[PDB]
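Asks:
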Amino acid sequence: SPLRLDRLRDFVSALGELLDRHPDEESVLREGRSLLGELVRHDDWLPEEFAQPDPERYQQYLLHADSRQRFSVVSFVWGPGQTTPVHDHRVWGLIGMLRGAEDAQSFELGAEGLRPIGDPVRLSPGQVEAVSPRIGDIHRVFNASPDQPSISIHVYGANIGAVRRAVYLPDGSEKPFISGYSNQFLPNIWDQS
Amino acid sequence: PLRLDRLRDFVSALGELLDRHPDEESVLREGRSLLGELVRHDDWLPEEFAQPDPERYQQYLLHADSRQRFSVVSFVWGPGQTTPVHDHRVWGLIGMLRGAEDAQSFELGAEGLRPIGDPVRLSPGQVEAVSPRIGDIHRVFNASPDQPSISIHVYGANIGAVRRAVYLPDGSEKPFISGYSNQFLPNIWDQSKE
Ligand SMILES: [Cl-]
Ligand SMILES: [Cl-]
Ligand SMILES: [Fe+3]
Ligand SMILES: [Fe+3]
């Protein structure tokens with residue numbers, strides 16, 4: 004069956020249109036999660052190259068970055084019982100669940116250190132959550148299945164791989180964090196023939 | 005070590021330029037300055053997107069804007085290869101990178117196609133322009149008979165998807181969609197590997 008890359012091309016174009024109306028963070032997340040919902044509902048477009056689990060670390064595959072680094076679209080792929088560290092973003096983010104099962108535990112900086120702010124959010128294909136400095140920026144995403152891999156498409160208000168942000172230890176101390184990317188090549192979504 | 009930052013900085017600068025909603029005259033003038041800065045140094049283009057094919061000239065997409073405002077393409081000619089006579093129907097900038105190639109501009113006359121001028125002889129660093137306004141029809145071809153030739157083309161669209169035309173000797177249009185030779189683009193956005 005032929006890969007429907009047009010889905011990703013159309014998402015990027017729509018998200019470009021959105022950010023050229025110079026909107027506020029409240030409106031970007033509200034309309035953005037609608038567009039990301041439309042993308043991750045169908046699992047027939049992500050090239051197999053950017054769905055591959057590594058057995059040592061979770062993989063971060065860049066799919067597209069805006070010319071002006073306004074935004075970026077990244078495929079995160081967790082192998083069985085893998086996890087991100089506790090981390091912030093320092094920009095608006097949208098996590099769209101695509102394949103498998105993973106949980107997102109939100110965190111807050113308290114006196115004692117890190118305190119989990121709420122119950123682990125349980126994501127199934129199609130579900131879209133948000134993160135930002137304004138609404139709650141610290142979390143930990145991890146694969147719920149112990150045998151299957153899990154994939155989600157993340158969208159950020161920057162080139163997320165180059166952002167100077169932080170991971171957090173139990174006592175609540177920051178360490179500098181630049182995530183980078185797992186791929187040396189992006190997919191060509193622009194050949195409409 | 006590949007200086008991909010050069011291409012990242014060009015794309016960002018060209019993004020800034022087009023968000024000031026400038027006229028075609030100003031885009032070409034400031035654009036050819038930025039493209040000049042890129043193609044003067046030949047230490048950034050990944051080898052994967054510099055490969056000649058022995059049958060047809062290769063068109064490798066390096067970057068496309070989110071809104072399809074512009075695209076940056078590596079064109080690679082093998083020995084004694086050539087494009088057909090073609091138009092663009094958008095503003096274009098051809099930056100010469102490696103080897104030697106000539107660009108013969110054309111005009112549609114009564115008899116058909118007549119070459120409008122002498123073949124423009126491009127050497128590494130040289131930047132020319134094309135558009136409907138200033139002269140849209142040309143033919144780019146490798147001047148060397150043994151070396152390959154490469155130039156970085158920048159267009160005011162996603163050039164591979166534009167419905168444009170090739171031209172035959174008698175001057176008759178055939179529809180033309182060029183597409184791209186590559187299934188993968190280079191990742192110019194991982195700054196943490198420097
Ligand atoms: Cl506390
Ligand atoms: Cl003409
Ligand atoms: Fe995150
Ligand atoms: Fe051309």
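Just so you know, the protein sequences line up as chains U and S, in that order.
If you want the UniProt record's numbering, it's the 1-based position in the first sequence plus 3.
If you want the UniProt record's numbering, it's the 1-based position in the second sequence plus 4.
Positions of the beta carbon are idealized from the N, C-alpha and C atoms, including for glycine.
Using a Cβ-Cβ cutoff of 9 Å, what residues of the segment 153-164 of chain U are near chain S? List them in chain order.
Replies: Listed by position along the chain: 162, 164.
Asks: Counting only Cβ pairs nearer than 8 Å, list the residues of chain U close to residue 183 of chain S.
Replies: Going along chain U in sequence order, the residues near residue 183 of chain S (Cβ under 8 Å) are 194, 196.
Asks: So with CB distances below 7 Å, who are the chain U contacts of residue 188 of chain S?
Replies: Chain U residues near residue 188 of chain S: 188, 189, 190, 191.
Asks: Taking the alpha helix (DSSP H) that residue 35 of chain S falls in, what are its first and last residues?
Replies: Counting along the chain, the alpha helix (DSSP H) containing residue 35 of chain S begins and ends at 28-43.
Asks: Between residue 41 of chain S and chain U, is there a C-beta pair that is closer than 8 Å?
Replies: For residue 41 of chain S, the answer is no, since every Cβ of chain U falls outside 8 Å of its Cβ.
Asks: CB of residue 86 of chain U to nearest heavy atom of ligand 3: below 7 Å?
Replies: No.
Asks: Looking at the strands, I want to know which residues DSSP matches up with residue 217 of chain U.
Replies: This structure does not reach residue 217 of chain U, given that chain U is present from 4 up to 196, and the question cannot be answered.
Asks: For ligand 1, is there any heavy atom lying closer than 7 Å to the beta carbon of residue 121 of chain U?
Replies: No - ligand 1 has no heavy atom lying nearer than 7 Å to the Cβ of residue 121 of chain U.
Asks: Please identify, using Cβ separations under 8 Å, the residues of the segment 67-81 of chain S that lie next to chain U, in order along the chain.
Replies: The segment 67-81 of chain S vs chain U, Cβ under 8 Å: 67, 68, 69, 70, 71, 72, 73, 74, 75.
Asks: Could you tell me whether the Cβ atoms of residue 162 of chain S and residue 184 of chain U are closer together than 8 Å?
Replies: For residue 162 of chain S and residue 184 of chain U, no; Cβs fall outside 8 Å.
Asks: Can you list the residues of chain U that residue 19 of chain S reaches, using a CB-CB cut of under 7 Å?
Replies: Within 7 Å Cβ-Cβ: 70, 71.
Asks: Measuring only between beta-carbons, confirm whether residue 37 of chain U sits less than 8 Å from chain S.
Replies: By this cut-off, residue 37 of chain U is not an interface position.
Asks: Can you find a CB in chain U that lies within less than 8 Å of the CB of residue 65 of chain S?
Replies: Yes, residue 65 of chain S counts as interfacial toward chain U.
Asks: Which chain S residues sit within Cβ distance under 9 Å of residue 4 of chain U?
Replies: Within 9 Å Cβ-Cβ: nothing; residue 4 of chain U doesn't reach chain S, min ~17 Å.
Asks: Would you report the Cα separation of residue 77 of chain U and residue 52 of chain S, rounded to the nearest angstrom?
Replies: Approximately 23 Å, taken between the alpha carbons.
Asks: Under 7 Å Cβ-Cβ, which residues of chain U neighbour residue 15 of chain S?
Replies: Those within 7 Å of residue 15 of chain S in chain U are 70.
Asks: Among S:37, S:11, S:93, S:124, which has the Cα closest to the Cα of residue 50 of chain S?
Replies: Residue S:11 is the option with its Cα nearest to residue 50 of chain S.
Asks: Over what stretch of residues does the alpha helix (DSSP H) that includes residue 19 of chain U continue unbroken?
Replies: Start and end: 9-22.
Asks: Output the boundary residues of the beta strand (DSSP E) element that contains residue 131 of chain S.
Replies: Element bounds for residue 131 of chain S: 131-134.
Asks: Let me check you understand the geometry: is the CB of residue 129 of chain S closer than 7 Å to at least one non-hydrogen atom of ligand 5?
Replies: Absence of ligand 5 from the depicted structure is noted, with ligand 1, ligand 2, ligand 3 and ligand 4 being the only ligands included.
Asks: Tell me, please, whether the CB atom of residue 198 of chain U is closer than 8 Å to any CB atom in chain S?
Replies: For residue 198 of chain U there is no data in the structure shown, the boundaries of chain U being 4 and 196.
Asks: What is the rounded straight-line gap between the Cα of residue 99 of chain S and the Cα of residue 165 of chain S?
Replies: Spanning the two alpha carbons is a distance of roughly 21 Å.
Asks: Just the C-alpha distance for residue 29 of chain S and residue 146 of chain U, rounded to the nearest angstrom, thanks.
Replies: Each residue's Cα considered, the two are about 54 Å apart.
Asks: I'd like to confirm the pairing. Which residues does DSSP put opposite residue 98 of chain S in its beta bridges?
Replies: Answer is S:132, S:157, bridged to residue 98 of chain S.
Asks: Quick check: the segment 56-74 of chain S against the segment 13-27 of chain U, are there 3 or more CB pairs under 8 Å?
Replies: The segment 56-74 of chain S vs the segment 13-27 of chain U: in contact.
Asks: List, in order along the chain, the chain S residues whose C-beta lies closer than 8 Å to that of residue 23 of chain U?
Replies: Ordered by position in chain S, the residues that pass the 8 Å Cβ test against residue 23 of chain U are 71.
Asks: Taking C-alpha atoms, which residue in S:158, S:46, S:38 lies nearest to residue 5 of chain S?
Replies: Nearest option by C-alpha distance: S:46.
Asks: What is the rounded straight-line gap between the Cα of residue 102 of chain S and the Cα of residue 156 of chain S?
Replies: The straight-line gap from Cα to Cα measures roughly 10 Å.
Asks: When the Cα of residue 132 of chain U is compared with those of U:24, U:167, U:108, which residue comes out closest?
Replies: Nearest of U:24, U:167, U:108 to residue 132 of chain U, Cα basis: U:108.
Asks: Alpha carbon to alpha carbon, how far is residue 136 of chain S from residue 116 of chain S? Give it in angstroms, no decimals.
Replies: Rounded to the nearest angstrom, the two C-alpha atoms are 18 Å apart.
Asks: Nearest by alpha-carbon distance to residue 54 of chain S: which of S:43, S:40, S:80, S:73 is it?
Replies: Taking only the C-alpha atoms, the option nearest residue 54 of chain S is S:80.
Asks: For the putative contact between residue 152 of chain S and residue 82 of chain S, defined by C-beta atoms under 8 Å, what is the C-beta separation to the nearest angstrom?
Replies: Contact holds; Cβ gap of about 6 Å.
Asks: May I have all residues whose beta carbon comes closer than 6 Å to any heavy atom of ligand 2, sorted in chain order?
Replies: Those residues are S:111, S:112, given in chain order.
Asks: Check whether the Cβ of residue 35 of chain S sits closer than 7 Å to any heavy atom of ligand 4, and report yes or no.
Replies: False, no ligand heavy atom lies under 7 Å from that Cβ.
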